[PDB]
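In: No sequence on hand, only this structure:
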């Protein structure tokens, strides 16, 4: 015995943009050559 | 700085092996003769003109 009769209440914990502290990949073993650069990459996790 | 009868030491950069260049000190020009030699490294870590 009701159609679309409804109420509304405000809800806690909203989404908000913040700041996160991440890390940085370790520097690779770099060796120079004639117009070329050689890098020995050692990643702990998938690194781009 | 200049005074009278003296000399001056200057540092210069070039790419040519045989370099004939004019240096304008104050308002008068002087001809410089230089036979530059190749460097030990083929690849450098800083840009130039």
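Out: Everything's here; your move. Residues are numbered from 1 along each chain as shown, chains lettered A, B, ... in the order given.

In: Every contact and neighbour count from this point should use C-alpha atoms.
Out: OK.

In: Could you check which helix or strand contains residue A:38?
Out: strand A:36-40 (DSSP states H and E).

In: near chain B at all, that strand?
Out: No: counting by CA under 8 Å from any CA of the partner chain, no contacts exist between strand A:36-40 and chain B, the nearest distance being 8.8 Å.

In: Could you list the residues of chain A in contact with chain B?
Out: Close to chain B, as judged by CA under 8 Å from any CA, chain A has residues A:33-35.

In: can you pick the most crowded of those residues?
Out: Neighbour tally across the residues of chain A next to chain B (other CA atoms under 10 Å in any protein chain shown): the maximum, 10 neighbours, falls on residue A:33.

In: beta partners for it?
Out: For residue A:33, the beta-bridge partners under DSSP bridges are residue A:36.

In: What of residue B:32?
Out: Residue B:32 forms beta bridges with residue B:21, as assigned by DSSP bridges.

In: what's it in contact with, if anything?
Out: B:19-23 (CA atoms under 8 Å, 6 or more residues apart in numbering or on different chains).

In: And the furthest pair within those?
Out: B:19 and B:23 (12.1 Å; CA to CA).

In: quick one: which of those two has more around it?
Out: It is residue B:19, of residue B:19 and residue B:23, that has more neighbours when counted by other CA under 10 Å, with 13 against 10.

In: Name the SS class of the residue lying closest to that one once chain neighbours are set aside, please.
Out: Counting by CA to CA, 6 or more residues apart in numbering or on different chains, residue B:34 is the residue found nearest to residue B:19 once chain neighbours are left out, at 5.1 Å. Secondary structure, DSSP: H, G, I helix; E, B strand; the rest coil: residue B:34 is strand.

In: Hmm, residue B:34 is touching residue B:15, no?
Out: No: using CA atoms under 8 Å, residue B:34 makes no contact with residue B:15, being 11.7 Å away.

In: Just want the most central residue of chain B.
Out: The C-alpha lying nearest the average C-alpha coordinate of chain B belongs to residue B:12 (CA atoms, centre = their mean; 3.3 Å).
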